[PDB]
């Protein structure tokens, strides 16, 4: 189904698609999500138009999976995911990105974390991640520009693809392992609180078509 309501959510089979227009107060416009299928992953599209607040994210329309029991990053053996998407519209300033929070407390509120891991498969316009570039890194055989900085007390690592990656197959465990093995990230003590995929728009008119998104934690 389709909804443009600010906080619309749709759930099925452990997947949830949310409108999540948390930054609407930064501009004029709208955001709508359409669920096509929640069987065999999430197939959905995000539609939006935004003006004003040049450097303010307006929303993070996203699909995510339920995480009934929080586990440490090291205890998890695999976090496989696939994504097939395309972006259309005009004057698109927006990204396409995975978002995950972790925290030392497994009972941490799930709307923030000690750390935020982002994996930007797409980047439209002159926008950029939190922090500064730490250079090019290899994860899963693909090159990423890794950014690191703080959003308040929370530390944010964003792996940004060097080309829009519209068909992706990977394992988020490889990204956490990169941090654990190269940036002192405490995978032994951090629990995965969320596992999301969507788009952060700033301005323009856009449609993100997510033909398929799958993710699980094993």
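Numbering follows the first chain given and starts at 1.
Inset, instruction - State which stretch shows the higher mean Cα B factor in the entry: 64 to 72 or 154 to 162. - result: In the deposited entry, the stretch with the higher C-alpha B-factor mean is 64 to 72.
Inset, instruction - Could you check the entry and say whether 82 to 90 or 126 to 134 has the higher mean CA B-factor? - result: According to the PDB entry, the answer is 126 to 134.
Inset, instruction - Report the option among 11, 199, 20, 196 whose CA atom has the maximum B-factor in the deposited record. - result: Among 11, 199, 20, 196, the PDB entry lists the largest C-alpha B-factor for 11.
Legend entry - Maximum C-alpha temperature factor, selected from 103, 118, 139, 121: Top of the list by C-alpha B-factor: 139.
Inset, instruction - Place residue 188 in the lowest, middle or highest third of its chain's C-alpha B-factors, as listed in the PDB entry. - result: Its C-alpha B-factor, which the entry lists for residue 188, ranks in the highest third among residues of this chain.
Inset, instruction - Going by the recorded CA B-factors, say which third of the chain residue 144 sits in, lowest, middle or highest. - result: Within its chain, residue 144 is a middle-third residue by C-alpha B-factor, going by the deposited values.
Inset, instruction - Check where residue 29 lands among this chain's C-alpha B-factors and tell me if it's the lowest, middle or highest third. - result: As the PDB entry reports it, the C-alpha B-factor of residue 29 lands in the lowest third of its chain.
Inset, instruction - Looking at the entry's B-factor column for C-alpha atoms only, identify whether residue 39 ranks in the lowest, middle or highest third of its chain. - result: Within its chain, residue 39 is a highest-third residue by C-alpha B-factor, going by the deposited values.
Legend entry - Lowest, middle or highest third - CA B-factor, residue 167: Middle third of the chain for residue 167's C-alpha B-factor.
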